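Colleague: no sequence on hand, only this structure:
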RNA sequence: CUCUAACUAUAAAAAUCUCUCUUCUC
RNA sequence: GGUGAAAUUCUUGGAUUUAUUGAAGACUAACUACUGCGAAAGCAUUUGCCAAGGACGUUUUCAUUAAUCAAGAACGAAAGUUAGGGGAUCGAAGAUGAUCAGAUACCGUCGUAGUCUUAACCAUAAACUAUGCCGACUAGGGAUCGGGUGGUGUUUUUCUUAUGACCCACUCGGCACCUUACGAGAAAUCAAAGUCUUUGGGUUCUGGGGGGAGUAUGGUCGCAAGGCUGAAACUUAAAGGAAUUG
Ligand SMILES: [Mg+2]
Ligand SMILES: [Mg+2]
Ligand SMILES: [Mg+2]
Ligand SMILES: [Mg+2]
Ligand SMILES: [Mg+2]
Ligand SMILES: [Mg+2]
Ligand SMILES: [Mg+2]
Ligand SMILES: [Mg+2]
Ligand SMILES: [Mg+2]
Ligand SMILES: [Mg+2]
Ligand SMILES: [Mg+2]
Ligand SMILES: [Mg+2]
Ligand SMILES: [Mg+2]
Ligand SMILES: [Mg+2]
Ligand SMILES: [Mg+2]
Ligand SMILES: [Mg+2]
Ligand SMILES: [Mg+2]
Ligand SMILES: [Mg+2]
Ligand SMILES: [Mg+2]
Ligand SMILES: [Mg+2]
Ligand SMILES: [Zn+2]
Ligand SMILES: [Zn+2]
């Protein structure tokens, strides 16, 4: 079942957009953590973005 | 896949495939120049050697037969040919 | 140890007429052999839990008169080439042994399991029923 | 009938005929 | 991937390099290589072991690349080619070994079947070498006479 | 029930008045040397009981002899040989596992390797020893099985056989049992085959016994007290 | 017609395996076709765990388990409820019945 | 975005069955 | 004991169970799996000896020696047949005790031949993947066994390393498996049963409705059992395959 009040409330909750940013490195002191491979991707793309190399420790968890 | 070069495939794909299965079939083996600590003679050996190769000057083996390629001795130093 | 005079319960529970047979540590001396068919009428319920229950009460009373206060359970199935799965009555026998004052130590299963059977009875097509 | 038992009955008929022939061979 | 006398389907082999001429890095002389081949043959070695020795201890990729002739051809030019070709000789050696094993224990039937296979292979190879006149036309493999050739 | 065709083809007494209790004394290689009591007929002049006692084999859990529970799954058989009167002495007769542990470690998706060796100890006691080992899944093995090739199995069997021969011919079953209690042979066998294959659950089970040289009283009494 | 592409045996490349006997009816059945069920259970069930715990020396005695691999027949397996007839599109599934308890 | 634990345990006996089948074209 | 339940049978000359042991013969549990080897039957305790074999590696050697195969040959499960050996278990015949209307059938207890072997026969099985062999190509996904390559990989410990054992990637070969039809089929289904009316890579064997009939006869093999080869007269409108609804 649905009605005008519930649908309006759902739409109002849907229109919620945070004023603060959840992207563009607002967190982690304007640093994103990427491994070497995607760093070479950024390099070969011809683009200079603020990166932070970190090895991914190719040893896999035994699960 | 539908359209694709076979005359010029990537060299990575060349090393990927099996021997006898490249465009032109070429061996993956190679020869080596080994020096034994004993003398200064340079001995030419095969990667996949099948015999206990020794320098003619000294009765010291430089390779060891193995199911695949040669396992060299401990202190012999080699350069790829 | 506080001088717990020990025996071995040594239960043998086939698919019919379970056995409760307590002996000393050596096992060379047999006391209180009373079985399941010893105490029940129908001749078909010798394997029944009640059979082993009464047999267990009798062996407990006899051993308590003897002086043995704690027992070692040695559960045995019919074993050999047979089914070798424990009988229905043996568990009730063990429970009734543990009920009647006796102390319990080192339960073991001692069913005779072969490195192989000589030949299992029944023919190639087995019991057809 | 099964083919097995028809075959066996044929074999028994051959039994009788073979002994008859052997007695008169 | 045929395996004439079994169900095998392997293709384990060696790929001869495209360039027929001598490798650039090889410094030895063709005459020296032929002398080495002759000496190895005089030691009492079949051509296959000669090729193995020249490939392992020396830079000889293969004789035909360096000299221009094959190992058996080089031996034949100097008259050291064995009267029985090497592969057929090894087949007779294997056959006599299996026959010895059989006559020392009768009940092994699998080795009996393997002996049958080896004898069939021997017959095929003998037929080939006979149609090329390497062997005399009267040459044949017989169980009793194989030992003398092997011994 | 109570049915019997009486196909027989009061003089009743209680057979416990003519009976009594002896005590089982363990070798000094074990801690809790007071094992238990054994029921015996009363002594008769024509047939002395002490003759009847000797040869008895009592079966006791190993943990009941050392107090700890690390030896819960083992089991030791002691042989009655010398009776001191109202107390008798027992010598080692054999060793075994409990079927519970044995089935607990015989699990699927791993190869069990068994080693069998019949040897002679430092004395003339002749023993037979069985060792059982199980290949171990590596601490990184994403592959789910843990099988071992036949070559590895044969090598492991050879190593275990030579180790058991070494540690039997170099000691007596007094010292050999004192070695068996802290299962140092298990650790040594595991370490000697560490390169060949992981080998989880290296155990020595069912230490049999096939012969006794003579009746040596001196060490038997020396083994007690 | 083929009711089972696997033919039920699960052999695929042996020709012959050594038969094993049924636990119930003692039917000589091949070891791969025979249904094997690993009965691992408690030597004393929960009906008497409290009783044994109260009436046992060796405080905190870890009671032993009992292990038996049962080699059922196949008529027995249908009849003894061990295995059940399945839908023709359900016969595809070979995974065990989804972890009876977690 | 990290995970392998709980469980049993039924087989008594029951054989056989005389008809008759009928059209789809808007 | 045994059973649905009973009975036959053994037992105070003390059976059933209880501990040590001893003898015999068989067999190789658990490990044992959509795992391995083999030409197919088949092969599962350890160790040694004997020879053999697939797969992989090979800048080794010969150069068409090859594929399939009438005639001919080697092995060929179980059962069975001659003799000699053994003789535990289980068990054709048989002996009984039950169930039934009958039960010389199924349930039960004994039980010869046989099962186990050394020689000599036998040559048949639902000897099944009911799919002949060799060769090429066509589609995605993981695993698994044997081998071989590389990792600046991980634990290993013999200070470091070398192995081994894993981890990741690739490749060759094998028993296999999941998905799918874009192909094939009467469909069930098949990654071959595809590349077949858009019909031709090489090659061997077999079938022409059902029954009579794998019968008779004639050969041939076998001591025998029986094997291989193998019709017709006549009769019949169906027999049969897959699937759908009841
Ligand atoms: Mg039924
Ligand atoms: Mg059907
Ligand atoms: Mg199945
Ligand atoms: Mg195969
Ligand atoms: Mg008795
Ligand atoms: Mg085994
Ligand atoms: Mg295997
Ligand atoms: Mg033919
Ligand atoms: Mg036979
Ligand atoms: Mg005989
Ligand atoms: Mg009868
Ligand atoms: Mg009757
Ligand atoms: Mg019967
Ligand atoms: Mg019998
Ligand atoms: Mg046939
Ligand atoms: Mg066929
Ligand atoms: Mg016809
Ligand atoms: Mg027909
Ligand atoms: Mg004839
Ligand atoms: Mg149909
Ligand atoms: Zn030198
Ligand atoms: Zn069954």
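Modeller: That came in fine, so what should we check first? Numbers count the residues shown, from 1 in each chain, chains lettered A, B, ... in the order given. Ligands and ions are numbered 1, 2, ... in the order given.
Colleague: which parts of stretch E:8-28 are buried?
Modeller: Buried residues in stretch E:8-28, defined by neighbour count with 16 or more other Cβ atoms under 10 Å in any protein chain shown: E:15, E:22, E:26. Just so you know, the C-beta spots here come from the backbone N, C-alpha and C atoms, and that holds for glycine as well.
Colleague: assign a three-state SS to the last one, would you?
Modeller: What it means is residue E:26. The assignment at residue E:26 comes out as coil when based on DSSP: H, G, I helix; E, B strand; the rest coil.
Colleague: distance of the closest residue in space to it that isn't next to it in sequence from residue E:32?
Modeller: Nearest residue to residue E:26 in three dimensions, chain neighbours excluded: residue E:59, at 5.1 Å (Cβ to Cβ, 6 or more residues apart in numbering or on different chains). Here residue E:59 is placed at a distance of 11 Å from residue E:32 (Cβ to Cβ, to the nearest Å).
Colleague: taking chain C, what residue is nearest to chain E?
Modeller: Of the residues in chain C, the one nearest chain E is residue C:116, at a distance of 25.3 Å by Cβ to the nearest Cβ.
Colleague: burial of that residue, as a residue count?
Modeller: Residue C:116 has 6 neighbours, counted by other Cβ atoms under 10 Å in any protein chain shown.
Colleague: may I ask which helix or strand encompasses residue E:96?
Modeller: helix E:86-104 (DSSP states H and E).
Colleague: show me where chain B has helices.
Modeller: B:11-16 (DSSP state H).
Colleague: chain E now?
Modeller: Using DSSP H, the helices of chain E run over E:30-42, E:47-56, E:63-66, E:71-77, E:86-104, E:109-131, E:146-150.
Colleague: do the shortest one and chain B meet?
Modeller: No: under the criterion of Cβ under 8 Å from any Cβ of the partner chain, helix E:63-66 makes no contact with chain B; the nearest approach is 12.8 Å.
Colleague: is that helix anywhere near RNA strand I?
Modeller: Yes: counting by Cβ under 7 Å from any atom of the strand, RNA strand I has neighbours in helix E:63-66: E:63, E:64.
Colleague: buried ones in that helix?
Modeller: Judged by neighbour count using 16+ other Cβ under 10 Å, the buried positions of helix E:63-66 are E:63, E:65, E:66.
Colleague: likewise the longest one?
Modeller: Of the residues in helix E:109-131, those scored as buried under the neighbour-count criterion (16+ other Cβ under 10 Å) are E:114, E:115, E:118, E:119, E:121, E:122, E:125, E:126, E:129.
Colleague: do the last one as well
Modeller: The neighbour-count check on helix E:146-150 (16+ other Cβ under 10 Å) flags E:146, E:150 as buried.
Colleague: so which strand or helix has the spatially closest residue to residue G:40 that is not a sequence neighbour?
Modeller: With sequence-adjacent residues excluded and distances taken as Cβ to Cβ, 6+ apart, residue G:40 is closest to residue G:67, at 5.1 Å. Using DSSP H and E, residue G:67 falls within strand G:65-72.
Colleague: before we move on, the earlier item: neighbour count winner among residue E:59 and residue E:32?
Modeller: A direct count of neighbours by other Cβ under 10 Å for residue E:59 and residue E:32 places residue E:59 higher, at 21 against 11.
Colleague: ok, that one - contacts?
Modeller: The neighbours of residue E:59, taking Cβ atoms under 8 Å, 6 or more residues apart in numbering or on different chains as the test, are B:31, B:44, E:23, E:25, E:26, E:27, E:28.
Colleague: tell me the secondary structure for the residue nearest the centre of chain A?
Modeller: By Cα atoms, centre = their mean, the mean C-alpha position of chain A lies nearest to residue A:23, the distance being 5.6 Å. Residue A:23 carries the three-state label coil when classified by three-state DSSP.
Colleague: report the contact partners of the residue in chain C that ligand 22 sits nearest to.
Modeller: The nearest approach of chain C to ligand 22 comes at residue C:126, 6.0 Å away (Cβ to the ion). With contacts defined as Cβ under 8 Å, 6+ apart, the neighbours of residue C:126 are G:21, G:22, G:25, G:26, G:27, G:28, G:73.
Colleague: same check, this time on residue E:45
Modeller: Residues near residue E:45 by Cβ under 8 Å, 6+ apart: residue E:53.
Colleague: return the distance of the residue nearest the centre of chain G relative to chain C.
Modeller: Nearest residue to the geometric centre of chain G (Cα atoms, centre = their mean): residue G:37, 1.4 Å. Taking Cβ to the nearest Cβ, to the nearest Å as the measure, residue G:37 and chain C are separated by 12 Å.
Colleague: look up which helix or strand that residue falls in, please.
Modeller: Per DSSP H and E: strand G:35-42 holds residue G:37.
Colleague: where's the residue of chain D found nearest chain C relative to residue A:44, distance?
Modeller: Shortest chain D-to-chain C distance, computed as Cβ to the nearest Cβ: residue-wise this is residue D:4, at 15.6 Å. In this structure, residue D:4 and residue A:44 are separated by 77 Å, where distance is defined by Cβ to Cβ.
Colleague: in chain B, what residue comes closest to ligand 21?
Modeller: Residue nearest to ligand 21 within chain B (Cβ to the ion): residue B:38, separated by 2.3 Å.
Colleague: so how many other residues sit close to that residue?
Modeller: Here the neighbour count serves as a burial measure; for residue B:38 (other Cβ under 10 Å) it reads 14.
Colleague: where does residue F:93 sit: helix, strand or coil?
Modeller: Local secondary structure at residue F:93 is given as strand here, using three-state DSSP.
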